[PDB]
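> Once you've seen the sequence and the experimental structure below, I've got questions.
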Amino acid sequence: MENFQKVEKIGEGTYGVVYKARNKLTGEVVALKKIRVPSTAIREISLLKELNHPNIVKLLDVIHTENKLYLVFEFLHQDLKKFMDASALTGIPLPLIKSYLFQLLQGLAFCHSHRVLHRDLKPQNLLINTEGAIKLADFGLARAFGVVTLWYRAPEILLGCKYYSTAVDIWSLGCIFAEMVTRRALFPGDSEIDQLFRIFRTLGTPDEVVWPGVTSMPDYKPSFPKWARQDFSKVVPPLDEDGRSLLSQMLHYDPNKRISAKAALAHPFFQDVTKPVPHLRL
Ligand SMILES: O=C1Nc2ccccc2/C1=C/Nc1ccc(S(=O)(=O)Nc2nccs2)cc1
C-alpha cells in the first residue's frame, strides 16, 4: 500500500475505487483497485492472475494486507466510453468498430473457454491504447465477490435466472456493438422493469415459441404487455447486412441459441477485418 503513490482517481467501480498509481519500487504506472475478506474470494482472484491474454487487462498482483484487498492491474490510458464521446460528431469508423469487436470476441472466447465470465460488460470496462488494441477490464470479479447501469444486462438476468452463462457476455457485447454504430445506447433503461420493457418493445415480447421456458422464469408475469418485434434495419440503420445478421445472433432471447464468441469470430462480418490505429487525444 505504502509502496504506491496515488496520482489521480480513475473512478469508483462496482467493487471499489480505482486509482492510477506509481510503484515506488519499479516505477511502473499501474491501476490500483481498492476493494470494498473470505478465503473463497482470495482463491478466486488467485486464479485470475493466471488468465493471460492480449485482449484482457492483466492482473499483476494481489495485495492482501491488514485484512484489506488491493488489486494491481496493468494501466491503459482511455476507456471506450470516453473514446465514443470524443467521436460523437463523426462516429467511430466502421473498420475500427470491426477491429475492436473482433478483438473483444477473441478475449471473451479465451475467457469463456476457461469458464470465466465477465457478467458486467459496459463501455467503461473496455480499455484502449495508442496501438489500436482494446482490452476487457474487471473480468471475473463479479463471481469472486458478488446508480448502477442496467443498459447492458441480459434478459435472463432481468427475469430472475440465477444460473446465467457465458451467453450474458455476448448479449452485453451486442448492445455495445449497436451503440458504437448508432452512437446512442440501445436499451437505456432507468429501472429493472423499464429495462425489460425497452428490450421487449424493440425485440418483441418473448413467448414459448422463441424462448422455451421463458414463462417459467422467476420474475416473468403473464401480465407483461405484448409488443411486436421491430425490424433491425430500423434499429441500427447504417449497419450492412453482415453486421445486422451478426448482431441479431448476439441478441437472441434464448441463451442457448445466442451465438458464442467462438462461432462469432468466423462470421462473414469479419472476413475483411484489419487493425487500424485510432487517433487518441490523451
Ligand atoms: O487501466 C486500467 N486497468 C484497469 C483494471 C480494472 C478496472 C479499471 C482499470 C483501468 C482504468 N483506466 C482508465 C484510464 C483512463 C480513462 S479516461 O481517460 O477515459 N477517464 C479519466 N481520466 C482521468 C481520470 S478519469 C478511463 C479508464
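Arrived safely, thanks for sending. Residues are numbered from 1 along each chain as shown.
> For the residue nearest to residue 264 when sequence neighbours are not counted, give its distance to the ligand.
Nearest-residue entry for residue 264: residue 105, 5.2 Å, with adjacent residues in sequence omitted and distances by C-beta to C-beta, 6 or more residues apart in numbering. For every residue, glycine as well, the C-beta is placed using N, CA and C. Distance from residue 105 to the ligand, counting by C-beta to the nearest ligand atom, to the nearest Å: 20 Å.
> Residue 105 belongs to a helix?
Yes - assessed with DSSP: H, G, I helix; E, B strand; the rest coil, residue 105 lies in a helix.
> There's contact between it and residue 177 in this structure, I believe.
No - look at residue 105 against residue 177 with C-beta atoms under 8 Å: they stay out of range, at 9.9 Å.
> re the thing from before, residues contacting the residue nearest to residue 264?
Residues near residue 105 by C-beta atoms under 8 Å, 6 or more residues apart in numbering: 173, 261, 264-265.
> Give me the distance between the residue nearest the centre of the chain and residue 164.
For the chain, the residue sitting closest to the mean C-alpha position, by C-alpha atoms, centre = their mean, is residue 121 at 2.0 Å. Per C-beta to C-beta, to the nearest Å, residue 121 is found 13 Å from residue 164.
> Then residue 2?
Taken as C-beta to C-beta, the span from residue 2 to residue 164 is 40 Å.
> okay, those two: which has more neighbours?
residue 164 (16 against 6; other C-beta atoms under 10 Å).
> Name the helix or strand for the more buried one, please.
Counting by DSSP states H and E, no helix or strand carries residue 164.
> Quick check: phi and psi at it.
Dihedral angles of residue 164 (phi, psi; degrees, to the nearest 10) stand at phi -70, psi 160.
> can you check the one 5 residues further on too?
With angles defined as degrees, to the nearest 10, residue 169 sits at phi -70, psi -30.
> Would you check that my belief about it contacting residue 120 is correct?
No - with contact defined as C-beta under 8 Å, residue 169 does not count as touching residue 120 (9.2 Å).
> one step back: leaving aside the residues adjacent along the chain, what's closest to the residue nearest to the centre of the chain?
Distance criterion C-beta to C-beta, 6+ apart; nearest residue to residue 121, sequence neighbours excluded, is residue 172 at 3.6 Å.
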